[PDB]
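Adding 57 to a residue's 1-based position in the sequence shown gives its number in this note's numbering. For each residue, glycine too, the CB sits at the ideal point set by N, CA and C. I have placed the structure first, in the form of C-alpha coordinates, so that the comments after it can refer back to it.
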Amino acid sequence: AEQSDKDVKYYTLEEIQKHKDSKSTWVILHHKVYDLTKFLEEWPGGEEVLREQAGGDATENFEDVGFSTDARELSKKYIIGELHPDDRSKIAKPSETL
(Lines of atoms letter the chains of each structure in order from A and count residues from 1; the text may use other names and numbers.)
(Lines give C-alpha, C1' and ligand atoms only; values in the text may rest on other atoms or scores of the structure.)
Protein backbone atom coordinates (compact mmCIF):
# COMPACT_ATOMS: atom_id res chain seq x y z
CA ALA A 1 0.00 0.00 0.00
CA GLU A 2 2.34 2.79 1.35
CA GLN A 3 5.73 1.30 0.21
CA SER A 4 8.42 3.51 -1.50
CA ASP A 5 6.73 2.71 -4.88
CA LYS A 6 3.56 4.58 -3.68
CA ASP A 7 5.70 7.76 -4.04
CA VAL A 8 8.32 6.70 -6.68
CA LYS A 9 8.10 3.28 -8.50
CA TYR A 10 11.15 0.93 -8.36
CA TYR A 11 11.83 -0.47 -11.87
CA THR A 12 14.50 -2.89 -13.12
CA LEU A 13 16.14 -2.22 -16.52
CA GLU A 14 15.80 -6.04 -16.97
CA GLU A 15 11.96 -5.64 -16.92
CA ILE A 16 12.12 -2.95 -19.65
CA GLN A 17 14.53 -5.15 -21.77
CA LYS A 18 11.53 -7.56 -22.30
CA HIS A 19 10.08 -4.90 -24.69
CA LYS A 20 7.94 -6.80 -27.28
CA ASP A 21 4.68 -4.89 -26.54
CA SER A 22 3.42 -1.25 -26.53
CA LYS A 23 2.65 -1.25 -22.75
CA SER A 24 6.11 -2.82 -22.11
CA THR A 25 7.90 0.42 -23.17
CA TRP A 26 9.91 2.74 -20.84
CA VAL A 27 13.12 4.90 -21.10
CA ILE A 28 15.77 5.84 -18.46
CA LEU A 29 17.80 9.13 -18.41
CA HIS A 30 20.21 7.79 -15.72
CA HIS A 31 18.48 6.51 -12.50
CA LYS A 32 14.79 7.46 -13.19
CA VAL A 33 12.42 5.56 -15.49
CA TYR A 34 9.78 7.31 -17.70
CA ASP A 35 6.47 5.96 -19.01
CA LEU A 36 7.14 5.80 -22.76
CA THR A 37 4.04 3.56 -23.32
CA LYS A 38 1.83 6.72 -22.95
CA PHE A 39 4.38 8.87 -24.88
CA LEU A 40 4.18 6.65 -28.05
CA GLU A 41 0.34 7.03 -28.07
CA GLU A 42 0.69 10.85 -28.12
CA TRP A 43 2.36 11.92 -31.44
CA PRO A 44 4.22 8.97 -33.35
CA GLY A 45 1.35 6.43 -32.85
CA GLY A 46 3.89 3.63 -33.57
CA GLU A 47 5.53 1.87 -30.62
CA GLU A 48 7.91 -0.18 -32.89
CA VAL A 49 10.46 2.71 -33.44
CA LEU A 50 11.01 3.45 -29.67
CA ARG A 51 9.87 0.08 -28.19
CA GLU A 52 12.78 -1.77 -29.92
CA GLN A 53 15.11 0.39 -27.73
CA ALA A 54 12.97 0.76 -24.59
CA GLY A 55 15.39 1.34 -21.64
CA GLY A 56 18.29 2.51 -23.87
CA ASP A 57 18.24 6.23 -22.97
CA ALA A 58 15.86 9.18 -22.39
CA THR A 59 18.21 12.23 -21.89
CA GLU A 60 18.67 12.81 -25.70
CA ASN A 61 16.95 9.61 -27.01
CA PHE A 62 13.24 10.58 -26.30
CA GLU A 63 13.67 13.26 -29.04
CA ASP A 64 15.40 10.84 -31.51
CA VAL A 65 12.41 8.43 -31.78
CA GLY A 66 9.74 10.57 -30.07
CA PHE A 67 8.70 14.19 -30.82
CA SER A 68 10.70 17.37 -31.78
CA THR A 69 12.19 19.57 -28.93
CA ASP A 70 8.69 19.03 -27.31
CA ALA A 71 9.84 15.46 -26.41
CA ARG A 72 12.04 16.92 -23.61
CA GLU A 73 9.24 18.28 -21.31
CA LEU A 74 6.61 15.77 -22.66
CA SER A 75 8.67 12.76 -21.38
CA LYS A 76 9.66 14.52 -18.09
CA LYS A 77 5.95 14.89 -17.10
CA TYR A 78 5.55 11.10 -17.73
CA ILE A 79 7.98 10.29 -14.84
CA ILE A 80 6.68 6.88 -13.61
CA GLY A 81 9.41 6.07 -11.04
CA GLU A 82 13.13 5.38 -10.54
CA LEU A 83 15.28 2.74 -12.26
CA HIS A 84 17.34 0.57 -9.78
CA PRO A 85 20.96 2.00 -9.24
CA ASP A 86 22.48 -1.48 -9.97
CA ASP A 87 20.27 -2.34 -13.05
CA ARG A 88 20.94 0.97 -14.93
CA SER A 89 24.70 0.18 -14.59
CA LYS A 90 24.20 -3.63 -15.10
CA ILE A 91 22.57 -3.48 -18.57
CA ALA A 92 24.21 -0.04 -19.23
CA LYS A 93 25.40 -1.48 -22.61
CA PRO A 94 22.13 -3.27 -23.71
CA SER A 95 22.29 -5.88 -26.57
CA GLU A 96 18.63 -6.09 -27.80
CA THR A 97 17.99 -2.38 -27.08
CA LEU A 98 20.84 0.04 -28.05
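Inset, instruction - Taking the CB atoms as reference points, tell me whether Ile-137 and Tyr-91 lie closer together than 8 Å. - result: It is a contact, given that the beta carbons lie within the stated cut-off.
Inset, instruction - Leaving aside the five residues before and after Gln-110 along the sequence, list all residues of the same chain whose C-beta is less than 6 Å from its C-beta, in chain order. - result: Excluding sequence positions up to five before and after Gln-110, its CB lies within less than 6 Å of the CB of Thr-154, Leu-155, all in the same chain and listed in chain order.
Inset, instruction - Ignore the nearest five residues each way along the sequence and tell me which others in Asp-114's own chain have a CB closer than 8 Å to its CB. - result: Apart from the 5 residues on each side of it in sequence, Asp-114 sits with its Cβ closer than 8 Å to the Cβ of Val-84, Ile-85, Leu-86 in its chain, given in chain order.
Legend entry - Counterpart residues of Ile-85 in DSSP-defined beta bridges: Checking the DSSP bridge columns, you'll see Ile-85 partnered with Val-90.
Inset, instruction - Have a look at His-141, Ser-152, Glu-71 and flag the residue whose alpha-carbon is nearest the alpha-carbon of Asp-62. - result: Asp-62 has its Cα closest to that of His-141, out of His-141, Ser-152, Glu-71.
Legend entry - Own chain residues within Cβ distance below 8 Å of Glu-139, not counting five before or after: Excluding residues within five positions, the ones whose Cβ falls inside 8 Å are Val-65, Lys-66, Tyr-67, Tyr-68, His-88, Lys-89, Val-90.
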